[PDB]
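Before any comments, here is the structure.
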Amino acid sequence: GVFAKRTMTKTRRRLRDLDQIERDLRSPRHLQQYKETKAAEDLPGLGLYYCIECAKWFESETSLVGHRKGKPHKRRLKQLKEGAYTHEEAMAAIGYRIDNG
Amino acid sequence: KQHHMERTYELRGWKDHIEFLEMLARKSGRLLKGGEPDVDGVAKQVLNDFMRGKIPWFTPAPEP
RNA sequence: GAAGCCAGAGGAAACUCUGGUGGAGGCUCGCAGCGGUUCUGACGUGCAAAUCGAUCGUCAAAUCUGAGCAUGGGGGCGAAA
RNA sequence: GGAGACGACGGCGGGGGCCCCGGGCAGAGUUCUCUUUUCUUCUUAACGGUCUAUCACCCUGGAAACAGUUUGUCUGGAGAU
RNA sequence: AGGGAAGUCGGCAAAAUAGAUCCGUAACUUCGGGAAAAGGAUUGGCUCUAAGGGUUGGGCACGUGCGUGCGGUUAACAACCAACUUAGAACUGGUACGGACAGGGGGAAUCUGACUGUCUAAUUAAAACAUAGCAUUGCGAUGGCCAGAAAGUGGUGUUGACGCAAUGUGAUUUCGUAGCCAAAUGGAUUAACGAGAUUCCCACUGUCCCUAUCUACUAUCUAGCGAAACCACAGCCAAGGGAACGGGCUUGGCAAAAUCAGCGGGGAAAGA
RNA sequence: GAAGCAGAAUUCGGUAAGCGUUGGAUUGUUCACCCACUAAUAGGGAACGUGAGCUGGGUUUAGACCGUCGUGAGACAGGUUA
C-alpha cells in the first residue's frame, strides 16, 4: 500500500533518486551531505538506523533487518545491480560525447 | 524542583527542556508521522498539569 | 476472552508463574431486520397530506414481529413527551 | 402411571437433501491452434418386511502402582475397566 | 499545477485512514479495561521445500474358521487412500500488488449523563425519562392500597414483612520543597460508555488564492399529451401631489408591430 | 500657495471624486482594538425616518437543566443546549 496515492506524484512528495543512491553508496561525502540536509532529532530512531539501499530511516534495528527481507529492498538491490540512469548513459544513447581538448 | 518532575513523569537524565520533552514524548507515545516526537503536545500536557495541580510546586513565604 | 479444567516450574503448605483448553458477557466491529444523527442534500401545486439518497444508531437483548384477547373519553394507556 | 406436554443459548456427533471431485454409456457445443475436452440425463415415493444403528439397562468379577474417558473433567466398592 | 484552512460565525463539505500477517503500544483505571491506543514493517505471479492424517495386517503346540496354553512389543514396519491449512526458499514483472469491490482518520484536554435502554408518528434524540444501588413512611387481615351507582360486587389475593404500597435520591468512590493522624488510601481533578456540547495538534485536501475541464440527467427544439397557483383594471421613468403613500392626477423626459432564451430589481408570490 | 522649506523628508492650506483605497490575528464579546504589505490603506448615502436574495448574533413557540423570586401553577437579574 501507498499512503495518499492521489498526490504521490507531487513535487512535495518526491523521494531520493537512484543515481543519488549510487553516488551515496560510492562516496560517503554525498551521503553525509544528505545527512546534514535533515534534522537528527526528527528522524526515525534518531537517524542511527538508516538504509542507504532504500534511502529510508527506521525506528529500530529489528525493523531494518525486517525490511531487508522485503521485496522493496530486493527491488532496490536489483535496480542498483542493473545500474541507475545518468547523463553519461543519456549521451551514449544518442552517440554524444564531450570534447575537452 | 527536579526530583518532583522525576517522580511525576518517571523520567530522568535530561540536560534541557527540549530533551525532557523528547524523552517524555517517546515514553508516552506522543509521536507524529514517522515516530517524530510530539513536543508541542507534550509541552501542552506539561503546562496543563502544572496549572491543574498535578506537579508539586509552590512559592516559599518570605522569612520575617 | 470470565468462571471451570489439563500439563510443567516453584513454594512446608496456602498460594505464585508459564503454555494450553473452555466459551461467559443487558461486551464489541458488522450483513439482514428495527430505528432515524447529519447534509446551506434531492423533493417543495412531490413518487409521497412526511417520500428519495448518502451518512448514522443498534444488531443475541430492556431485540424485532404476526394472529387471538383485555383496557373506552369525567376514561384508558403512558421507561412522563 | 405414562403420553399428549413444552425456555433460550453454545460447541460436538449421526442421518437426509444440496454443493464439489473422478470413471463409464449416450447426446450436444468448441475445434486458426490447444483441449482423451466443456456441458447435459444417469431418478426411486407413501406403505411394509428384514439386518443394523449414541443413551441406557442386565450377567460374571472386584479396582491404588487408581483406572476409564470428552473438543469441553466427568464417572466408578451405591461396583468402574 | 504551486501553497495547504490564508476560507468561514464555525474545517460545513470533501479529502485522507481502512482487509490481513508481523513488531510494538502511554497516561488514567472501579485492575475488568483503555487497546484496532499511539507509532512502524510487509502483501502480486511462478517454481519448489518442509510440517500437520485415515484404513488394513504379527509367531508357535494341539483340537478343529474359531478355542485354549503359550511366546513379543523395532508394526520404530509394509500396502492402500485422502484433503485443507501453516511456515520457509529461489526466480520474476512493476508507475500500482486488500491493484475493482470491500473497508477505523488518529491524538491532547474540558463540560456533561454512571453504563445497555426509552419518548415528543409529521420541526427539538438531549444534561429529559428509565435503570440497578441507597434512604424514608404505612400495613399482622374485622388490615393497607384500590375499583364500582349498588350488589350475597370485584382486584391486589394461587398474596403475609427476604412481602405489598407510596415517596425522595439515583452505579462505584466521596458524603513539610513535602508534616501529622487515621484500616494501601486521604478521593468528586471519579474509570469505561456516548449520532451529547467546546478548544487545540498531526495528517489531509478546490474551504480559499482562482478558477478551469469532463460525464449523465434535465433545462433547449420536435411529435403526442397537458395542469395549477394567481388575476378590480392594468403595467417605462423623473419632480410635485401638507395628512412623510402613488400606478391612474399635474409638469416634463419620451414613446413603433410581433417575438424566443435567461434573470431575480420592482409589482405579484409565505395553508403570511 | 505658504512655512528655516539648504538638500532629503515633510507641515498647513487651495482646485480637484479622473483613478485607487489591501491581506490577516483576536468571540472567557457592545467583536472592537492590534499586525504587516502598500502610493494610500479617506469618510459617507442609496436599508437602519418599519419592512420576502443567502447566512451568523438582538431573538424569544413546543423538549431540557442550573441561578433568583413565589406555598404553587409559574414568572424572571439571568446562564446553557437542540
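Any value given below was found using the heavy atoms of this structure, including those in side chains, with hydrogens, waters and symmetry copies removed. So you know, we letter chains A, B, ... as the sequences are listed, proteins then strands, and number each from 1.
Checked against side chain to side chain contact (heavy atoms under 4.5 Å, CB included), A/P72 has no partners two or more places apart in sequence or in another chain. Partners of B/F50 according to the ring pair (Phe, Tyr, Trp, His ring centres under 6.0 Å) rule, which considers only residues two or more places apart in sequence or in another chain, are B/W57.
Nucleotides E/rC164 and E/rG138 meet the pairing criterion: a Watson-Crick or G-U wobble pair with both donor-acceptor distances under 3.5 Å. Nucleotides D/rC42 and D/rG24 meet the pairing criterion: a Watson-Crick or G-U wobble pair with both donor-acceptor distances under 3.5 Å. F/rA8 and F/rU60 are not base-paired, meeting neither the Watson-Crick nor the G-U wobble geometry with both donor-acceptor distances under 3.5 Å. Pairing check for E/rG144 against E/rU156: the two satisfy the Watson-Crick or G-U wobble geometry, each of the two atom distances being under 3.5 Å. Nucleotides E/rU250 and E/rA239 qualify as a pair under the Watson-Crick or G-U wobble definition, both contacts being shorter than 3.5 Å. For the criterion of Watson-Crick or G-U wobble pairing, both bonds shorter than 3.5 Å, the nucleotides E/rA191 and E/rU159 do not count as partners. Nucleotides D/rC32 and D/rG1 fail the pairing criterion: they make neither a Watson-Crick nor a G-U wobble pair with both donor-acceptor distances under 3.5 Å. Between E/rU118 and E/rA128 there is a base pair of the Watson-Crick or G-U wobble kind, both of its two distances falling under 3.5 Å. Taken together, F/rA25 and F/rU21 do not qualify as a Watson-Crick or G-U wobble pair under the 3.5 Å criterion applied to both distances. With the cut-off at 3.5 Å for both distances, C/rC56 forms a Watson-Crick or G-U wobble pair with C/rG35.
E/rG32 shows a glycosidic angle within 90° of 0 and is accordingly assigned syn.
Spacing between C/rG33 and E/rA166 at atom P, rounded to whole Å, works out to 42 Å. Remark: the separation of the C1' atoms in D/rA8 and E/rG98 is 39 Å, to the nearest Å. Remark: the separation of the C1' atoms in E/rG168 and C/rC5 is 49 Å, to the nearest Å. Here, E/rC119 and F/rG74 have their P atoms 26 Å apart, quoted to the whole Å. To the nearest whole angstrom, the two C1' atoms, one in E/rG94 and one in E/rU17, are 25 Å apart. Nucleotides E/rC193 and E/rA122, compared at atom P, are 32 Å apart to the nearest Å. The same atom, P, is picked in F/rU27 and in F/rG57; the two are 16 Å apart, to the nearest Å. Rounded to a whole angstrom, the distance from the P atom of E/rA223 to that of E/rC260 is 16 Å.
Using a 4.0 Å heavy-atom distance criterion, A/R12 is classed as a base contact. Nucleic acid contact for A/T7: sugar-phosphate only, since backbone atoms but no base atoms lie under 4.0 Å from a heavy atom of the residue. Heavy atoms of A/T9 sit nowhere under 4.0 angstrom from any nucleic acid atom. Among the atoms of the strands shown, none is found under 4.0 Å from any heavy atom of B/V42.
C/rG10: Watson-Crick or G-U partner is C/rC15, with both key distances under 3.5 Å. When both distances must be under 3.5 Å, the Watson-Crick or G-U wobble mate of D/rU70 does not exist. The partner of E/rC62, taking Watson-Crick or G-U wobble pairs whose two distances both stay under 3.5 Å, is E/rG67. Base pairing of C/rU21 is made with C/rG4, judged by Watson-Crick or G-U wobble geometry with both donor-acceptor distances under 3.5 Å. Across the strands present, E/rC77 finds its partner in E/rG57; the criterion is a Watson-Crick or G-U wobble pair with both atom distances under 3.5 angstrom. For E/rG187, there is no paired nucleotide, since no Watson-Crick or G-U wobble pair has both relevant distances below 3.5 Å. Under the Watson-Crick or G-U wobble criterion, with both distances below 3.5 Å, E/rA125 has no partner in any strand shown. The partner of F/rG28 is absent, by the rule that a Watson-Crick or G-U pair needs both atom distances under 3.5 Å.
Grouping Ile, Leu, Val, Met, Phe, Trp and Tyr residues whose side-chain heavy atoms lie under 4.5 Å apart, directly or via other members, leaves B/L47 alone, with no other cluster members. If you chain together ILVMFWY residues whose side-chain heavy atoms come under 4.5 Å of each other, A/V2 ends up grouped with A/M8.
Geometric assessment of A/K38 against the ring of A/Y50 yields a negative cation-pi assignment under the 6.0 Å and 45° thresholds.
Residue pairs meeting the ring-ring contact (aromatic ring centres under 6.0 Å, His included) criterion with at least one partner in residues 72-101 of chain A, sequence neighbours excluded, are A/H67-A/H73. For residues 8-28 of chain A, no residue pair satisfies the ring-ring contact (aromatic ring centres under 6.0 Å, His included) rule, not counting sequence neighbours.
Going by the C1'-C2'-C3'-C4' torsion, the sugar of E/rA89 sits on the north side, since that angle is positive. Sugar pucker of E/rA188: south, as indicated by a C1'-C2'-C3'-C4' torsion of negative sign.
Atom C1' of nucleotide E/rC22 and atom CZ of A/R68 are separated by 18 Å, given to the nearest angstrom. For the pair A/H67 NE2 and E/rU43 P, the computed distance is 13 Å after rounding to whole Å. The interatomic distance linking B/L24 (CG) with E/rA108 (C1') rounds to 13 Å, in whole Å. B/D49 places its CG atom 9 Å from the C1' atom of E/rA27, with the value rounded to the nearest Å. Between A/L15 atom CG and E/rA96 atom P the separation is 10 Å, expressed in whole Å.
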All N/O donor-acceptor pairs, side-chain side in residues 18-44 of chain B, below 3.5 Å, sequence neighbours left out:
residue : atom : partner : partner atom : Å
B/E19   : OE1  : B/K15   : N            : 2.7
B/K27   : NZ   : B/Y9    : O            : 2.4
B/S28   : OG   : B/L24   : O            : 2.7
B/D38   : OD1  : B/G41   : N            : 3.2

Atom pairs and distances, donor-acceptor, side-chain atoms in residues 18-26 of chain A, under 3.5 Å, two or more places apart:
residue : atom : partner : partner atom : Å
A/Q20   : OE1  : A/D17   : N            : 2.9
A/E22   : OE2  : A/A84   : N            : 2.7
A/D24   : OD1  : A/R16   : NH2          : 3.1
A/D24   : OD1  : A/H30   : ND1          : 3.4
A/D24   : OD1  : A/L31   : N            : 3.1
A/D24   : OD2  : A/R16   : NE           : 2.7
A/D24   : OD2  : A/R16   : NH2          : 2.7

Side-chain polar contacts of residues 56-63 of chain A - donor-acceptor pairs under 3.5 angstrom, sequence neighbours left out - could you list them?
residue : atom : partner : partner atom : Å
A/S60   : OG   : A/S63   : N            : 3.3

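The side chain of A/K5 has E/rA96 as its nearest neighbour among E/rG4, E/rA96, E/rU110.
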For each nucleotide in nucleotides 86-92 of chain E, reading 5' to 3', give B when a protein heavy atom comes within less than 4.0 Å of its base, S when such contact involves only the sugar-phosphate, and - otherwise.
---S--B
Heavy-atom contacts, protein to nucleotides 35-40 of chain E, under 4.0 Å, summarised as B (base), S (sugar-phosphate only) or - (none) per nt, yield --BBBS
Are there any protein N/O atoms within less than 3.5 Å of an N/O atom in nucleotides 174-180 of chain E, and if so, which ones and at what distance?
residue : atom : partner : partner atom : Å
E/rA178 : OP2  : B/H3    : NE2          : 2.8

